[PDB]
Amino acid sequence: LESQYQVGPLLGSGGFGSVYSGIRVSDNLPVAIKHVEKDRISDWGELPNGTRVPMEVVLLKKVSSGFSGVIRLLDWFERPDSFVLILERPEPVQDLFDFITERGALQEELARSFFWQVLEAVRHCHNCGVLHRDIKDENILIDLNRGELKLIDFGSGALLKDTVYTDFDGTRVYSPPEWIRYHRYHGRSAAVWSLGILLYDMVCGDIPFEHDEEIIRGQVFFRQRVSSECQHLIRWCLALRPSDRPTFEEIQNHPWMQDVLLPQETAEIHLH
């Protein structure tokens, strides 16, 4: 492990563990090296072989085949008291949260391109039987050269199911009112609610709700000029009743979602 990869600066640490910049020595491939303490691990999973690993590894393996807008797991190691994950690292890259901190509310054309790519990435996860459960700007990376977004940190996720979820460990201000009130939600509609929060976050420069009371009321106020079509999509995603929320298909067929830029166009125009 410590011979295969050369370790660089710490990129960040928190509920996800400690993530380091790194370079695979084999071929000089840029990587991110993520350490997770076993004590601090909340949800565990099992590999097709039967060995017990963090759910994050199970989930990443189910989605890490092929190409997509999900960061790929290259390898993992177990240590006596932690697991170490080796993840692909685009360069240069900036997470969407820092990007929004820098530039404030995003132009709708740019928000459209970004949001579209998040949708495509979430659909891929769902198709692979994976529910992320912590979709937010902190968990999205921007490949600044290619204009491609990448989903990260599946450590709060779960296998997708059609029955009710009664556990949740993701970010509360992104969590749906049915979770706040009843501690029950279903996968796809919970996800759509968090996409509503995210889209609002992009076009307004901050999240719409800070308190349980606001989430439960579900009243959306716009502090920035936002087109009526975008306001409509956001409020649809943020429907109080789960079944009143759009499916992914309905989101991507919405009028506001038409004529999206290609990623490379996006980088050229907006990320120079």
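Sequential numbering from 1, following the sequence displayed. Here the rigid core means the biggest group of C-alpha atoms that line up within 1.5 Å when the two forms are laid on top of each other.
Taken in 4 other deposited structures of this protein and fitted on the core, 67-75 and 144-152 differ in how far their Cα atoms move from the shown form, and the one that moves more is 67-75. RMS Cα deviation from the shown model in 4 other deposited structures of this protein, rigid core fit, is larger for 39-47 than for the other stretch of the pair 222-230 / 39-47. Look at the C-alpha B-factors of 88-96 and of 197-205. On average they run higher in 88-96.
Between the stretches 69-77 and 105-113, it is 69-77 that shows the larger average CA temperature factor. Out of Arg225, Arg235, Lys34, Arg52, the entry records its largest CA B-factor for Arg52. By the numbers in the PDB entry, the CA B factor is greatest at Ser26 among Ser243, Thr247, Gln231, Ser26. The PDB entry assigns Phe168 a C-alpha temperature factor belonging to the highest third of its chain's modelled residues. Per-chain ranking of the deposited C-alpha B factor places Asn139 in the lowest third. In this PDB entry, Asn127 carries a Cα temperature factor that places it within the middle third of its chain's modelled residues.
Split the chain's modelled residues into thirds by C-alpha temperature factor. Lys161 is in the middle one.
In the deposited entry, the Cα temperature factor of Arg188 places it in the lowest third of its chain's modelled residues.
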